[PDB]
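Participant: My file is run_11.pdb. It has PDB, C-alpha atoms and all ligand atoms:
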MODEL        1
ATOM      1  CA  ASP E   1     -20.537 -60.372 -14.907
ATOM      2  CA  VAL E   2     -24.074 -60.540 -16.368
ATOM      3  CA  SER E   3     -26.211 -63.619 -16.831
ATOM      4  CA  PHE E   4     -29.284 -64.973 -18.605
ATOM      5  CA  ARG E   5     -30.950 -68.329 -18.332
ATOM      6  CA  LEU E   6     -33.178 -69.494 -21.158
ATOM      7  CA  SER E   7     -34.838 -72.052 -18.927
ATOM      8  CA  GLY E   8     -38.140 -70.579 -17.745
ATOM      9  CA  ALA E   9     -37.275 -67.256 -19.378
ATOM     10  CA  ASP E  10     -40.020 -64.749 -20.013
ATOM     11  CA  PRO E  11     -39.944 -61.416 -21.859
ATOM     12  CA  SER E  12     -39.523 -60.113 -18.298
ATOM     13  CA  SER E  13     -36.252 -61.916 -17.307
ATOM     14  CA  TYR E  14     -35.006 -61.043 -20.768
ATOM     15  CA  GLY E  15     -35.743 -57.323 -20.202
ATOM     16  CA  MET E  16     -33.848 -57.668 -16.887
ATOM     17  CA  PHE E  17     -30.868 -59.348 -18.535
ATOM     18  CA  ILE E  18     -30.844 -56.588 -21.156
ATOM     19  CA  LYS E  19     -31.077 -54.042 -18.331
ATOM     20  CA  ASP E  20     -28.130 -55.559 -16.499
ATOM     21  CA  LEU E  21     -26.120 -55.644 -19.691
ATOM     22  CA  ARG E  22     -26.654 -51.913 -20.417
ATOM     23  CA  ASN E  23     -25.539 -51.059 -16.869
ATOM     24  CA  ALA E  24     -22.489 -53.248 -17.088
ATOM     25  CA  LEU E  25     -21.294 -50.805 -19.779
ATOM     26  CA  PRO E  26     -19.405 -47.874 -18.191
ATOM     27  CA  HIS E  27     -19.811 -44.188 -19.057
ATOM     28  CA  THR E  28     -19.000 -40.935 -17.292
ATOM     29  CA  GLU E  29     -21.334 -38.841 -19.328
ATOM     30  CA  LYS E  30     -24.699 -38.832 -21.071
ATOM     31  CA  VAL E  31     -25.402 -37.066 -24.326
ATOM     32  CA  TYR E  32     -28.964 -35.923 -24.673
ATOM     33  CA  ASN E  33     -29.653 -38.301 -21.793
ATOM     34  CA  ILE E  34     -28.003 -41.315 -23.514
ATOM     35  CA  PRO E  35     -24.975 -43.097 -21.963
ATOM     36  CA  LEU E  36     -21.770 -42.239 -23.821
ATOM     37  CA  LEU E  37     -19.505 -45.272 -24.110
ATOM     38  CA  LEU E  38     -15.906 -44.633 -23.229
ATOM     39  CA  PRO E  39     -13.171 -43.980 -25.804
ATOM     40  CA  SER E  40     -11.036 -46.814 -24.452
ATOM     41  CA  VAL E  41     -10.588 -48.923 -21.315
ATOM     42  CA  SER E  42      -7.150 -50.238 -20.414
ATOM     43  CA  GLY E  43      -6.742 -54.031 -20.027
ATOM     44  CA  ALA E  44      -9.184 -56.720 -18.847
ATOM     45  CA  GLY E  45     -11.550 -53.943 -17.736
ATOM     46  CA  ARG E  46     -12.146 -53.450 -21.457
ATOM     47  CA  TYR E  47     -14.208 -56.657 -21.663
ATOM     48  CA  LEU E  48     -17.507 -57.901 -20.266
ATOM     49  CA  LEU E  49     -18.360 -61.572 -19.692
ATOM     50  CA  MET E  50     -21.919 -62.796 -20.329
ATOM     51  CA  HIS E  51     -22.842 -66.145 -18.810
ATOM     52  CA  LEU E  52     -25.606 -67.634 -20.953
ATOM     53  CA  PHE E  53     -27.374 -70.905 -20.263
ATOM     54  CA  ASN E  54     -29.460 -72.752 -22.836
ATOM     55  CA  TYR E  55     -32.699 -74.371 -21.850
ATOM     56  CA  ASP E  56     -31.007 -77.603 -20.724
ATOM     57  CA  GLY E  57     -28.587 -75.575 -18.522
ATOM     58  CA  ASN E  58     -25.362 -75.771 -20.560
ATOM     59  CA  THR E  59     -23.423 -72.536 -20.624
ATOM     60  CA  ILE E  60     -21.043 -70.437 -22.565
ATOM     61  CA  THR E  61     -19.424 -67.162 -21.648
ATOM     62  CA  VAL E  62     -19.345 -64.334 -24.165
ATOM     63  CA  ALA E  63     -16.753 -61.585 -23.874
ATOM     64  CA  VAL E  64     -17.838 -58.120 -25.017
ATOM     65  CA  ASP E  65     -15.731 -55.068 -25.671
ATOM     66  CA  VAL E  66     -17.455 -52.421 -23.475
ATOM     67  CA  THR E  67     -16.263 -49.393 -25.531
ATOM     68  CA  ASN E  68     -18.373 -50.619 -28.485
ATOM     69  CA  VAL E  69     -20.540 -53.585 -27.336
ATOM     70  CA  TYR E  70     -18.776 -55.932 -29.771
ATOM     71  CA  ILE E  71     -18.499 -59.634 -29.276
ATOM     72  CA  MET E  72     -14.792 -60.488 -29.335
ATOM     73  CA  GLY E  73     -14.969 -64.163 -28.480
ATOM     74  CA  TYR E  74     -16.622 -66.707 -26.220
ATOM     75  CA  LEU E  75     -15.901 -69.901 -24.258
ATOM     76  CA  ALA E  76     -17.509 -73.319 -24.673
ATOM     77  CA  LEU E  77     -16.588 -75.576 -21.723
ATOM     78  CA  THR E  78     -12.738 -75.634 -21.925
ATOM     79  CA  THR E  79     -12.327 -74.274 -25.466
ATOM     80  CA  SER E  80     -12.177 -70.577 -26.098
ATOM     81  CA  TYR E  81     -13.073 -69.077 -29.462
ATOM     82  CA  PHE E  82     -12.212 -65.530 -30.678
ATOM     83  CA  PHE E  83     -12.982 -63.957 -34.056
ATOM     84  CA  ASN E  84     -10.405 -63.417 -36.727
ATOM     85  CA  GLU E  85      -9.650 -59.814 -35.805
ATOM     86  CA  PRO E  86      -6.998 -57.828 -33.966
ATOM     87  CA  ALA E  87      -9.289 -56.625 -31.149
ATOM     88  CA  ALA E  88     -10.401 -60.218 -30.595
ATOM     89  CA  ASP E  89      -6.764 -61.374 -30.563
ATOM     90  CA  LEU E  90      -6.031 -58.490 -28.206
ATOM     91  CA  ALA E  91      -9.055 -59.495 -26.183
ATOM     92  CA  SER E  92      -7.685 -63.049 -26.076
ATOM     93  CA  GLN E  93      -4.738 -62.217 -23.757
ATOM     94  CA  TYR E  94      -6.979 -61.021 -20.923
ATOM     95  CA  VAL E  95      -9.871 -63.498 -20.914
ATOM     96  CA  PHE E  96     -10.414 -67.273 -20.952
ATOM     97  CA  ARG E  97      -6.704 -67.745 -20.216
ATOM     98  CA  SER E  98      -7.546 -70.972 -18.371
ATOM     99  CA  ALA E  99      -9.050 -72.495 -21.587
ATOM    100  CA  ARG E 100      -7.129 -75.646 -22.607
ATOM    101  CA  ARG E 101      -7.187 -74.635 -26.285
ATOM    102  CA  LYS E 102      -7.945 -71.417 -28.033
ATOM    103  CA  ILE E 103      -9.495 -71.407 -31.477
ATOM    104  CA  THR E 104      -9.456 -68.471 -33.810
ATOM    105  CA  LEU E 105     -12.589 -68.546 -35.913
ATOM    106  CA  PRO E 106     -12.198 -68.242 -39.713
ATOM    107  CA  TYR E 107     -13.892 -64.810 -39.892
ATOM    108  CA  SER E 108     -13.823 -61.370 -38.413
ATOM    109  CA  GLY E 109     -16.881 -60.499 -36.369
ATOM    110  CA  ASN E 110     -18.731 -58.164 -38.720
ATOM    111  CA  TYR E 111     -22.078 -58.873 -40.335
ATOM    112  CA  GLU E 112     -20.668 -59.005 -43.860
ATOM    113  CA  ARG E 113     -18.008 -61.584 -42.961
ATOM    114  CA  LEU E 114     -20.446 -63.455 -40.643
ATOM    115  CA  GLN E 115     -23.206 -63.609 -43.268
ATOM    116  CA  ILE E 116     -20.911 -65.003 -45.959
ATOM    117  CA  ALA E 117     -19.564 -67.776 -43.702
ATOM    118  CA  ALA E 118     -23.111 -68.708 -42.717
ATOM    119  CA  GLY E 119     -24.293 -68.506 -46.379
ATOM    120  CA  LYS E 120     -27.310 -66.170 -45.978
ATOM    121  CA  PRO E 121     -27.862 -62.549 -44.975
ATOM    122  CA  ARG E 122     -29.440 -61.978 -41.581
ATOM    123  CA  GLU E 123     -32.805 -60.994 -43.176
ATOM    124  CA  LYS E 124     -33.378 -64.758 -43.704
ATOM    125  CA  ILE E 125     -32.252 -65.934 -40.255
ATOM    126  CA  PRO E 126     -34.898 -66.406 -37.584
ATOM    127  CA  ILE E 127     -34.084 -64.851 -34.262
ATOM    128  CA  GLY E 128     -35.835 -64.880 -30.894
ATOM    129  CA  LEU E 129     -35.279 -66.651 -27.596
ATOM    130  CA  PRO E 130     -35.506 -70.130 -29.119
ATOM    131  CA  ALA E 131     -32.997 -69.152 -31.828
ATOM    132  CA  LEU E 132     -30.836 -67.852 -29.003
ATOM    133  CA  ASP E 133     -31.174 -71.216 -27.188
ATOM    134  CA  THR E 134     -30.139 -72.940 -30.456
ATOM    135  CA  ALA E 135     -27.239 -70.587 -30.892
ATOM    136  CA  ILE E 136     -25.894 -71.381 -27.411
ATOM    137  CA  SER E 137     -26.199 -75.118 -28.252
ATOM    138  CA  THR E 138     -24.624 -74.788 -31.711
ATOM    139  CA  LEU E 139     -21.580 -72.993 -30.387
ATOM    140  CA  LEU E 140     -21.206 -75.594 -27.648
ATOM    141  CA  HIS E 141     -19.589 -77.759 -30.286
ATOM    142  CA  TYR E 142     -17.425 -76.248 -32.929
ATOM    143  CA  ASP E 143     -18.732 -75.984 -36.443
ATOM    144  CA  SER E 144     -17.524 -72.716 -38.011
ATOM    145  CA  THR E 145     -20.277 -72.631 -40.656
ATOM    146  CA  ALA E 146     -22.953 -73.208 -38.043
ATOM    147  CA  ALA E 147     -21.260 -70.950 -35.498
ATOM    148  CA  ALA E 148     -21.416 -68.100 -37.981
ATOM    149  CA  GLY E 149     -25.220 -68.272 -38.164
ATOM    150  CA  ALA E 150     -25.455 -68.781 -34.392
ATOM    151  CA  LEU E 151     -23.247 -65.700 -33.719
ATOM    152  CA  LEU E 152     -25.462 -63.560 -35.991
ATOM    153  CA  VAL E 153     -28.314 -64.619 -33.647
ATOM    154  CA  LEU E 154     -26.312 -64.065 -30.446
ATOM    155  CA  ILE E 155     -25.046 -60.587 -31.504
ATOM    156  CA  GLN E 156     -28.599 -59.598 -32.281
ATOM    157  CA  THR E 157     -30.339 -61.124 -29.270
ATOM    158  CA  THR E 158     -27.729 -59.347 -27.023
ATOM    159  CA  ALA E 159     -25.662 -56.443 -28.359
ATOM    160  CA  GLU E 160     -28.408 -55.081 -30.612
ATOM    161  CA  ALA E 161     -31.277 -55.366 -28.072
ATOM    162  CA  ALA E 162     -29.112 -53.716 -25.418
ATOM    163  CA  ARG E 163     -28.314 -50.912 -27.899
ATOM    164  CA  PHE E 164     -31.978 -50.451 -28.905
ATOM    165  CA  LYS E 165     -35.253 -50.629 -26.984
ATOM    166  CA  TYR E 166     -37.208 -51.358 -30.190
ATOM    167  CA  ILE E 167     -35.035 -54.358 -30.977
ATOM    168  CA  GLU E 168     -35.149 -55.477 -27.347
ATOM    169  CA  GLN E 169     -38.902 -55.300 -27.735
ATOM    170  CA  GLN E 170     -38.698 -57.180 -31.064
ATOM    171  CA  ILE E 171     -36.911 -59.957 -29.128
ATOM    172  CA  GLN E 172     -39.502 -60.100 -26.335
ATOM    173  CA  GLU E 173     -42.334 -60.841 -28.791
ATOM    174  CA  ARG E 174     -40.073 -63.539 -30.224
ATOM    175  CA  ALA E 175     -39.984 -65.072 -26.749
ATOM    176  CA  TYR E 176     -41.528 -68.292 -28.017
ATOM    177  CA  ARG E 177     -41.544 -67.873 -31.819
ATOM    178  CA  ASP E 178     -38.387 -67.028 -33.652
ATOM    179  CA  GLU E 179     -38.836 -64.745 -36.580
ATOM    180  CA  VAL E 180     -36.706 -62.938 -39.082
ATOM    181  CA  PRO E 181     -35.910 -59.381 -38.033
ATOM    182  CA  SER E 182     -38.030 -56.505 -39.208
ATOM    183  CA  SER E 183     -36.497 -54.269 -41.911
ATOM    184  CA  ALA E 184     -36.175 -51.455 -39.354
ATOM    185  CA  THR E 185     -34.502 -53.779 -36.846
ATOM    186  CA  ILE E 186     -31.798 -54.138 -39.514
ATOM    187  CA  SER E 187     -31.738 -50.420 -40.301
ATOM    188  CA  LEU E 188     -30.945 -49.776 -36.651
ATOM    189  CA  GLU E 189     -28.315 -52.504 -36.594
ATOM    190  CA  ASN E 190     -26.603 -50.784 -39.520
ATOM    191  CA  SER E 191     -27.159 -47.142 -38.352
ATOM    192  CA  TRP E 192     -25.642 -47.432 -34.852
ATOM    193  CA  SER E 193     -22.321 -45.847 -35.894
ATOM    194  CA  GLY E 194     -24.188 -43.116 -37.748
ATOM    195  CA  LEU E 195     -26.570 -42.210 -34.929
ATOM    196  CA  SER E 196     -23.877 -42.383 -32.279
ATOM    197  CA  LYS E 197     -21.933 -39.856 -34.404
ATOM    198  CA  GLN E 198     -24.739 -37.437 -35.262
ATOM    199  CA  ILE E 199     -26.259 -37.405 -31.787
ATOM    200  CA  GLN E 200     -22.844 -36.364 -30.500
ATOM    201  CA  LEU E 201     -22.315 -33.694 -33.255
ATOM    202  CA  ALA E 202     -25.667 -32.246 -32.246
ATOM    203  CA  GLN E 203     -24.046 -31.200 -28.904
ATOM    204  CA  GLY E 204     -22.801 -27.932 -30.467
ATOM    205  CA  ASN E 205     -25.258 -27.817 -33.385
ATOM    206  CA  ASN E 206     -28.482 -27.169 -31.383
ATOM    207  CA  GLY E 207     -29.592 -30.820 -31.442
ATOM    208  CA  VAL E 208     -29.479 -30.906 -35.269
ATOM    209  CA  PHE E 209     -27.776 -33.740 -37.163
ATOM    210  CA  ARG E 210     -24.887 -32.421 -39.241
ATOM    211  CA  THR E 211     -25.840 -35.255 -41.619
ATOM    212  CA  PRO E 212     -29.352 -36.771 -41.520
ATOM    213  CA  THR E 213     -29.622 -40.538 -40.851
ATOM    214  CA  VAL E 214     -31.815 -42.655 -43.170
ATOM    215  CA  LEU E 215     -33.848 -45.304 -41.385
ATOM    216  CA  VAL E 216     -36.756 -47.640 -42.046
ATOM    217  CA  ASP E 217     -39.716 -47.388 -39.645
ATOM    218  CA  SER E 218     -41.898 -50.026 -37.897
ATOM    219  CA  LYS E 219     -44.245 -50.008 -40.904
ATOM    220  CA  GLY E 220     -41.514 -50.775 -43.493
ATOM    221  CA  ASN E 221     -41.473 -47.102 -44.552
ATOM    222  CA  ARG E 222     -38.162 -45.299 -45.152
ATOM    223  CA  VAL E 223     -37.722 -42.084 -43.122
ATOM    224  CA  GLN E 224     -35.153 -39.484 -42.154
ATOM    225  CA  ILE E 225     -33.751 -38.607 -38.740
ATOM    226  CA  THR E 226     -32.694 -34.946 -38.724
ATOM    227  CA  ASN E 227     -32.801 -34.075 -35.038
ATOM    228  CA  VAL E 228     -32.649 -35.229 -31.392
ATOM    229  CA  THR E 229     -36.435 -34.747 -30.915
ATOM    230  CA  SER E 230     -37.093 -37.870 -33.029
ATOM    231  CA  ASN E 231     -38.474 -40.876 -31.082
ATOM    232  CA  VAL E 232     -35.421 -42.871 -32.083
ATOM    233  CA  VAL E 233     -33.202 -40.571 -30.013
ATOM    234  CA  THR E 234     -35.599 -39.775 -27.167
ATOM    235  CA  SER E 235     -37.068 -43.251 -26.760
ATOM    236  CA  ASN E 236     -35.267 -45.952 -28.752
ATOM    237  CA  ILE E 237     -31.464 -45.722 -28.611
ATOM    238  CA  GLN E 238     -29.894 -46.742 -25.262
ATOM    239  CA  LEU E 239     -26.117 -46.344 -25.855
ATOM    240  CA  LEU E 240     -23.701 -44.342 -28.000
ATOM    241  CA  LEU E 241     -20.498 -45.524 -29.590
ATOM    242  CA  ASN E 242     -17.975 -42.838 -28.793
ATOM    243  CA  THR E 243     -16.963 -40.692 -31.751
ATOM    244  CA  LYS E 244     -13.363 -41.341 -30.533
ATOM    245  CA  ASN E 245     -13.963 -44.727 -32.219
ATOM    246  CA  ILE E 246     -15.783 -43.771 -35.501
TER
HETATM  247  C1  LIG E 301     -37.478 -32.405 -35.995
HETATM  248  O1  LIG E 301     -37.947 -33.702 -36.234
HETATM  249  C2  LIG E 301     -39.348 -33.722 -36.128
HETATM  250  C3  LIG E 301     -39.777 -35.189 -36.132
HETATM  251  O2  LIG E 301     -38.988 -35.907 -37.062
HETATM  252  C4  LIG E 301     -39.938 -32.905 -37.287
HETATM  253  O3  LIG E 301     -41.345 -32.805 -37.172
HETATM  254  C5  LIG E 301     -39.364 -31.486 -37.353
HETATM  255  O4  LIG E 301     -39.709 -30.937 -38.608
HETATM  256  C6  LIG E 301     -37.853 -31.460 -37.118
HETATM  257  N1  LIG E 301     -37.393 -30.173 -36.628
HETATM  258  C7  LIG E 301     -36.116 -29.758 -36.699
HETATM  259  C8  LIG E 301     -35.833 -28.402 -36.117
HETATM  260  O5  LIG E 301     -35.193 -30.398 -37.213
HETATM  261  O1  LIG E 302     -20.941 -56.067 -36.621
HETATM  262  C1  LIG E 302     -21.133 -56.098 -35.383
HETATM  263  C2  LIG E 302     -21.891 -55.100 -34.799
HETATM  264  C3  LIG E 302     -22.110 -55.153 -33.438
HETATM  265  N1  LIG E 302     -21.600 -56.149 -32.693
HETATM  266  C4  LIG E 302     -20.848 -57.112 -33.278
HETATM  267  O2  LIG E 302     -20.352 -58.049 -32.590
HETATM  268  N2  LIG E 302     -20.616 -57.075 -34.609
ENDMDL
END
Transcribe the structure of this file into structure tokens.
Ligand SMILES: *[C@@H]1O[C@H](CO)[C@@H](O)[C@H](O)[C@H]1NC(C)=O
Ligand SMILES: O=c1cc[nH]c(=O)[nH]1
Facilitator:
Amino acid sequence: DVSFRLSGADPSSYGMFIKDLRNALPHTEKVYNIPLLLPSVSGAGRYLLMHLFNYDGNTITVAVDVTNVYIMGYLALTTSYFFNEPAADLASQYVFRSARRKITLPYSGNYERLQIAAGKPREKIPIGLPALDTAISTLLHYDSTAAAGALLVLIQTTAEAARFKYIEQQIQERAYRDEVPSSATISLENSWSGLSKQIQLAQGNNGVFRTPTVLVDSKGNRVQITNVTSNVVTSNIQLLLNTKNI
């Protein structure tokens, strides 16, 4: 299991938590020196528990599908919660079995469905380590409308940062001031599937992307990713969703 304590957290202990997280995710092979997530993992081994502790030391435990880095569900004290989706329901029969009651949330775990429940797109939702602390607190006591917004902040402060250095870095400067995510930070949230695909198709294409990926850069300028020699591939991206899943 991997852990992260928001009490006395610095951009350092956050980096370390994000490091742990990446290494919790199995892979036999690297593609252009980037871990290749497995096609599938049979049973409870499919899921990763994250123990998170808000500032006042209350905790929740977030289960993550390791083939794709998706949040499936989490546990608050003695109540488990899983999204409204078949993988989550699947995920539910391996983890938090000891929860007194299990609650299916009223949405599947994708940004579109999450953003509607919350009533705002994630471009207007501050994120950072405080907004993570909040999240943890919000989900401690059920409120589906609130828990939407708080899951958009948990997904991003965890899954996305682990996936991408840049975003991890965007979270470390938001160590003490939340802030809405940069336009690029979103681009990369939305392009993960694409990049995981193209980086893998470049294996027998001489490092060229069968289909270029359109991004936004740090500056707010739209740009195209045609090849593995782009900084995004060499520097940024830390994990690849197996094409056996796209
Ligand atoms: C590769 O990408 C770099 C940086 O984006 C660019 O300068 C170059 O024209 C591209 N080369 C190939 C072979 O795709
Ligand atoms: O939509 C997404 C993308 C990544 N991780 C999630 O939990 N949901």
Participant: Could you tell me, as a ChimeraX atom specification, exactly which residues end up selected when the PyMOL selection byres (((chain E and resi 117) around 12) and not hetatm) is applied to this structure?
Facilitator: /E:105-116,118-122,143-152
Participant: Care to translate the PyMOL selection byres (((chain E and resi 50) around 9) and not hetatm) into actual residues of this file, as a VMD selection string?
Facilitator: chain E and resid 1 to 4 21 48 to 49 51 to 52 60 to 64 74
Participant: Would you mind listing what lies within 12 Å of residue 30 in chain E as a ChimeraX atom specification, with all atoms listed in the file counted and same-chain residues fewer than 5 positions away left out?
Facilitator: /E:35-38,196,199-200,203,238-242
Participant: Can you work out which one of E:179, E:160, E:173, E:217 has the shortest atom-to-atom distance to ligand LIG 302 (chain E), counting all atoms listed in the file?
Facilitator: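 Result for the nearest residue to ligand LIG 302 (chain E): E:160.
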Participant: What is the CA of residue 12 in chain E-CA of residue 59 in chain E distance in Å, reported with one decimal?
Facilitator: 20.5 Å
Participant: Report the residues retrieved by the PyMOL selection byres (((chain E and resi 80) around 7) and not hetatm) from the displayed file, expressed as a PyMOL selection string.
Facilitator: chain E and resi 74-76+78-79+81-82+96+99+101-103
Participant: Residues near residue 209 in chain E, anyone? I mean within 8 Å using only C-alpha atoms, not counting same-chain ones fewer than 2 positions away, as a list in words.
Facilitator: residues 198, 199, 201, 202, 205, 207, 211, 212, 213, 225, 226, 227 and 228 of chain E
Participant: Keeping only C-alpha atoms, write the selected residues as a compact mmCIF listing (two decimals), keeping the file's coordinate frame.
Facilitator:
# COMPACT_ATOMS: atom_id res chain seq x y z
CA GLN E 198 -24.74 -37.44 -35.26
CA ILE E 199 -26.26 -37.40 -31.79
CA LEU E 201 -22.32 -33.69 -33.26
CA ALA E 202 -25.67 -32.25 -32.25
CA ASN E 205 -25.26 -27.82 -33.38
CA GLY E 207 -29.59 -30.82 -31.44
CA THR E 211 -25.84 -35.26 -41.62
CA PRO E 212 -29.35 -36.77 -41.52
CA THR E 213 -29.62 -40.54 -40.85
CA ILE E 225 -33.75 -38.61 -38.74
CA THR E 226 -32.69 -34.95 -38.72
CA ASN E 227 -32.80 -34.08 -35.04
CA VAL E 228 -32.65 -35.23 -31.39
Participant: Restricting the calculation to only C-alpha atoms: of E:195, E:186, E:44, E:34, which residue gets closest to residue 161 in chain E?
Facilitator: E:186
Participant: Excluding residue 187 in chain E and residues on its chain fewer than 5 positions from it, collect all residues at most 9 Å away from it, counting only C-alpha atoms, and give them as a CSV table (one decimal) with C-alpha atoms, keeping the file's coordinate frame.
Facilitator:
chain,number,residue,atom,x,y,z
E,182,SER,CA,-38.0,-56.5,-39.2
E,192,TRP,CA,-25.6,-47.4,-34.9
E,214,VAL,CA,-31.8,-42.7,-43.2
E,215,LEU,CA,-33.8,-45.3,-41.4
E,216,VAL,CA,-36.8,-47.6,-42.0
E,217,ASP,CA,-39.7,-47.4,-39.6
Participant: Using all atoms listed in the file, find the one residue out of E:219, E:177, E:244, E:210 that sits nearest to ligand LIG 301 (chain E).
Facilitator: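 Selected residue with least distance to ligand LIG 301 (chain E): E:210.
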Participant: Restricting the calculation to all atoms listed in the file, which member of E:243, E:92, E:206, E:69 is positioned closest to ligand LIG 301 (chain E)?
Facilitator: E:206
Participant: Which is closer to residue 232 in chain E than all the others in E:9, E:188, E:71, E:90, using all atoms listed in the file?
Facilitator: E:188
Participant: Give me the residues near residue 166 in chain E as a PyMOL selection string, where near means some atom within 9 Å (using only C-alpha atoms) and where sequence neighbours in that chain fewer than 2 positions away do not count.
Facilitator: chain E and resi 161+164+168-171+185+232+235-237
Participant: Report, in Å to a single decimal, how far apart CA of residue 65 in chain E and CA of residue 41 in chain E are.
Facilitator: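 That distance, rounded to one decimal, is 9.1 Å.
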